[PDB]
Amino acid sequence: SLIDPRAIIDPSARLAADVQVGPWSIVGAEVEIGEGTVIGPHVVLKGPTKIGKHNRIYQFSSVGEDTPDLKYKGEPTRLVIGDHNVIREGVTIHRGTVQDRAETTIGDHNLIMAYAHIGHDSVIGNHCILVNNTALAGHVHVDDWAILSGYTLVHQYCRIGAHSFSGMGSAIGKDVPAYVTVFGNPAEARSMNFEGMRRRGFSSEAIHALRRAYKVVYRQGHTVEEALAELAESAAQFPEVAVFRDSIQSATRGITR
């Protein structure tokens, strides 16, 4: 059948139609797996965890584990994963902490590559790519279409804006605004993901307004308040520029410069 007899399914666990579990996989108590989701061999799922439809989870992944501690501490804490996600070999995903959200949240159509770490209370949106060995410390918010290149380290509470790009080996300590490309340890803003805008079919008017929006924030010596005021008009014409202005507005503890 679809359920390999060498897998251990806890009596409390809930499996929907067309679910596959490979051999020697543990689907622990309070884990719920959605329609057509494929669990490979040698996977550990721990709950309380909700996984949606048409997901693929590869061998050696630990999905819904507790955040590391010298002692067991703080539950019920949730992990929620949406639909059409690919979680590759040996990925670690921790559930939330009772102190903060009490939930780690992953949306839809995300690709999390081998040995990536998703820390407690982190929130991933849709259509994101975390390349090999990307580590989100915890309480990290990754917005839609963001790409973290291989071995990107993100500090606790940092926001990764929509359509942003972090070069491989980047260590991020401050918010990355929407569309911004960052590199190095510590991470420095370089340009914008113009490549990614074109692959999203952004009007060349929107891309040119986003180029000027970069220069307003990074290049003209403005305060953030002065920048937000200078962007207000562009943000009103282009929803794309508003995503950018909003990412800067939301950064209380400062942006990656």
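Don't overthink the numbering: it's just position in the shown sequence, from 1. Think of the rigid core as the biggest set of C-alphas that the two forms share within 1.5 Å after superposition.
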Greater root mean square CA deviation, 92-100 compared with 176-184 in 9 other deposited structures of this protein, core aligned: 92-100
Greater root mean square CA deviation, 101-109 compared with 164-172 in 9 other deposited structures of this protein, core aligned: 101-109
109-117 or 166-174, whichever carries the higher mean Cα B-factor: 166-174
Mean C-alpha B-factor comparison - 20-28 and 230-238, higher one: 230-238
Identity of residue with top Cα B-factor, from 189, 39, 44, 206: 206
Deposited CA B-factor, highest of 156, 99, 85, 152: 99
B-factor third for the C-alpha atom of residue 73 within its chain: highest
Residue 49 - Cα temperature factor, lowest/middle/highest third of chain: middle
Entry-reported Cα temperature factor of residue 34, expressed as the chain third it lands in: middle
